[PDB]
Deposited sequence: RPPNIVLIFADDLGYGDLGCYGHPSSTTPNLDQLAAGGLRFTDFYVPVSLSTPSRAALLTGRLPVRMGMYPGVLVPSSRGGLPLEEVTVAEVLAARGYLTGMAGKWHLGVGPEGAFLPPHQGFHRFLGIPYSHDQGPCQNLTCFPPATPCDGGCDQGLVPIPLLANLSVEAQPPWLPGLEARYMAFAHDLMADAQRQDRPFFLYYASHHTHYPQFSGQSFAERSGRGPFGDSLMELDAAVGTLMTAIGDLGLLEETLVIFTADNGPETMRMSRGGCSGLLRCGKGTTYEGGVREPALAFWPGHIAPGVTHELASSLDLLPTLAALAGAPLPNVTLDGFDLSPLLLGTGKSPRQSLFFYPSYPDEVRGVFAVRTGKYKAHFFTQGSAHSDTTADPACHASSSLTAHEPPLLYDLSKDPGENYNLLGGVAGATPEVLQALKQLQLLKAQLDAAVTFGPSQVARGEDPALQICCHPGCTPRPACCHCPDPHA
């Protein structure tokens, strides 16, 4: 009865990057076709605009400060990880009998002997890389076949990036032009195996696209007409069409819920090799709309009718929605999202009225940076980020430092989604939205206690995954392509 679930989570992809969100040159025909037969969200969000914290919020339905996923993101030598006590979506569904699987980027911790890898947090199967694909040296990797090198090098002084199969190293580094096919094959098998055992599957496809450095297999190389970023986006888009073909082929169309979104806004610092936030301001790394507002599609033929909703939703709402849809019961913890099944099925409205945004480097004295209620968004603190540099708007740059705003900066996102015209720069509607925004910030800051930081537990180079355990010299002896 419970539907099969496929959750596709792109990386560093902006609001204005899909064809259906208005980009003029992107090539994304399969995602356009899922939008044309599904529910396209104009106002969907992540609460924090960096990789680790966004991934924590999606899998647990909880604000990332609650379990210590701040500040910044995890690195290969990190001791910390998403605590084992947190209950992930995969745990929830596994318990109700789903065959659960994951392909792609994890970025929730590796840890002493791989204690924080996906196999320990509810996934029966896992093929992927434990953190971003640029967190290891890439000056010798090929990003586009036959022999176009990845640009710029990536992180230095580290072990090459490992492709893992559950807890084992399958390759190190892997061959980037072929990851996609490896991942389509793993997905195909998980589906067919679940069909064979009469059980609902759960696939978590965390693509590496469209994070730096860009890479694609040879059928996309130089075919998109938007350069490397396009080629990579187009391969993501062809992976989606492949999952949808597999779904067809097994007669699972009307029995599978498919959701597509992305962790955080675009890295405009990669300039024309990075994404596009469309009309929204800034990108990755900030609490402006361009870093937290993501594309989001939901497609379940015969259940979700084609259309466009403007209602509020968050990545935080998808554990509780998915639990509801599968008759699985919610963990016994404070959850920050809601069930959106009425909205999806067309019998209700979203229960969500407010959204709370924390910065990359949060703290307990300052609290949440921005809050949206209804159509109004208030910024109490503002800040630019090096991930959002190089555009003409100077509020996005790393040189725009932390600035308190009292009274906050106040925007009407229905008329001014671009965040240009501060409404307090008076009216009764406004003054009443101002008092509610202030009360919601003070209530949340008074009730949330931050979990102790996982990222500040430091680093240990000995925690790095090595294909040839005990070899020497570390890290470059660690490799087995």
- Task: Point out each run of deposited residues with no C-alpha coordinates, keeping the order of the sequence.
- Result: 426-429, 486-489
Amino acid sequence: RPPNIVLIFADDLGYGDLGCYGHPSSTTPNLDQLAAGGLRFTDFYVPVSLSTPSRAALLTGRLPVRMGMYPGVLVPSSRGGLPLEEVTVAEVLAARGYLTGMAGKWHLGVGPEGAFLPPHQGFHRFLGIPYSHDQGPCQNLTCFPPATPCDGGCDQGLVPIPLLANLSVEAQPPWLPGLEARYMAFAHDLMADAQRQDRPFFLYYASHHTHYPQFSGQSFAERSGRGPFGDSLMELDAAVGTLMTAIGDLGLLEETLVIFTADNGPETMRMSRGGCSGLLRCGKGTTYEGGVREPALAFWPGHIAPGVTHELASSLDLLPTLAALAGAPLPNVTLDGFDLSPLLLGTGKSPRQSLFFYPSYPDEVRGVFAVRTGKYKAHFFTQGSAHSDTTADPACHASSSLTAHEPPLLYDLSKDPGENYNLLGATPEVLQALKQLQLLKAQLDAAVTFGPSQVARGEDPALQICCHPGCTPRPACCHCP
From here on, numbers count along this sequence of modelled residues.
- Item | Stretch with the greater mean C-alpha B-factor as recorded in the entry, comparing 405-413 against 238-246 | 238-246
- Task: Tell me which of 449-457 and 37-45 has the higher mean C-alpha B-factor in the deposited entry.
- Result: 449-457
- Whose C-alpha has the highest temperature factor in the PDB entry: 154, 167, 398, 206? 167
- Note on the structure: Among 284, 125, 211, 372, highest Cα B-factor in the entry goes to 125
- Task: Select lowest, middle or highest to describe the third in which the CA B-factor of residue 177 falls within its chain in this entry.
- Result: middle
- Message: Could you place residue 423 in the lowest, middle or highest third of its chain by Cα temperature factor, using the values in the record?
- Response: lowest
- Note on the structure: Here the Cα B-factor of residue 466, set against its chain, lands in the third termed highest
- Task: Comparing against every modelled residue in the chain, figure out the third that the C-alpha B-factor of residue 97 lands in (lowest, middle or highest).
- Result: highest
- Task: Quick one: classify residue 199 as lowest, middle or highest third of the chain based on its Cα B-factor.
- Result: highest
